[PDB]
Amino acid sequence: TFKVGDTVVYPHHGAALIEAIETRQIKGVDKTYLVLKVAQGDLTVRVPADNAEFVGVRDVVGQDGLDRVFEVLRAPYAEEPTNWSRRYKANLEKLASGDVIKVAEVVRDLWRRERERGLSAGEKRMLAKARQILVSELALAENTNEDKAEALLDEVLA
DNA sequence: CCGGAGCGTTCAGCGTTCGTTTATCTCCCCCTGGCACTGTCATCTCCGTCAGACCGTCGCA
């Protein structure tokens, strides 16, 4: 399932590359740890392969992902509750869910809201974080350059 | 030898321009009200005064 040198998407950190497989022993049990890293925060993540699906790791989605996130990005008739508190409570939950379709919907609706009137400066931090993690997810999926990854999305979100 | 013209000063007709106000239209400040998974007891003080008194307080006798 998991090999060396491959790219894996980790929640709240985006795409990452695996360095090696670690065989550290805990209580006399040889767990199959794997170590991975990103270029954003300069951190190393060690996850055993047995509970990898439980913690929420996920591989690189092929050609079946960009088309579905584009068609849910272009999906009209999206509505939000009138009170901003319910939508505010929903969006970070959708971000923490880690689904690509959910984060694409959140960034599309939020970008539309910022375009129409302009929300605030506080929400700019989370829009920026979501755009960063989404462009990092799509950058290593299509194997494109990061500047090309952020450039290609500029003509499709309108 | 006054008479007229030109000149100096001073006022009444209407004709425009100021001095000081007024309500309406943007931009901002400031106060009260809403948020709905649950989330139901903190906090470190204080020591090597100090010197003895003044005083009430308090349990034992």
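Read in order, the letters of the first sequence correspond to residues 3 to 159, 161 in the entry's author numbering.
From the three backbone atoms N, C-alpha and C, an ideal C-beta is built for every residue, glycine too.
Tell me which residue opens and which closes the alpha helix (DSSP H) that residue i is part of.
i	result
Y90	86 to 99
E125	124 to 141
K150	148 to 154
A106	102 to 118
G67	65 to 75
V57	54 to 57
I'd like to check one pair, residue j with residue i: are the Cβ atoms closer than 9 Å?
i	j	result
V37	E24	yes
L68	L140	yes
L75	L159	yes
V71	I103	yes
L19	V11	no
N85	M128	no
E107	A153	no
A151	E157	no
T46	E21	yes
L155	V137	yes
Provide the residue span of the beta strand (DSSP E) that contains residue i, from first to last.
i	result
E82	Looking at the DSSP string, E82 is not in any beta strand (DSSP E), and its letter there is neither H nor E.
Between residue i and residue j, which are expected to be in contact by the criterion C-beta below 8 Å, what is the C-beta distance as a whole number of angstroms?
i	j	result
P50	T34	6 Å
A41	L142	Not a contact, Cβ separation roughly 11 Å.
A130	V105	In fact, because the Cβ distance is near 13 Å, the residues do not count as touching under 8 Å.
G58	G100	6 Å
On the DSSP bridge assignment, give the partners of residue i in chain order.
i	result
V49	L36
(request) Jot down the residue ranges of each uninterrupted beta strand (DSSP E) in the stretch 8 to 47, minimum 3 residues, whole runs only, in chain order. (result) Look at the stretch 8 to 47 and you find these whole runs of beta strand (DSSP E), each 3 residues long or longer: 9 to 12, 16 to 24, 35 to 39.
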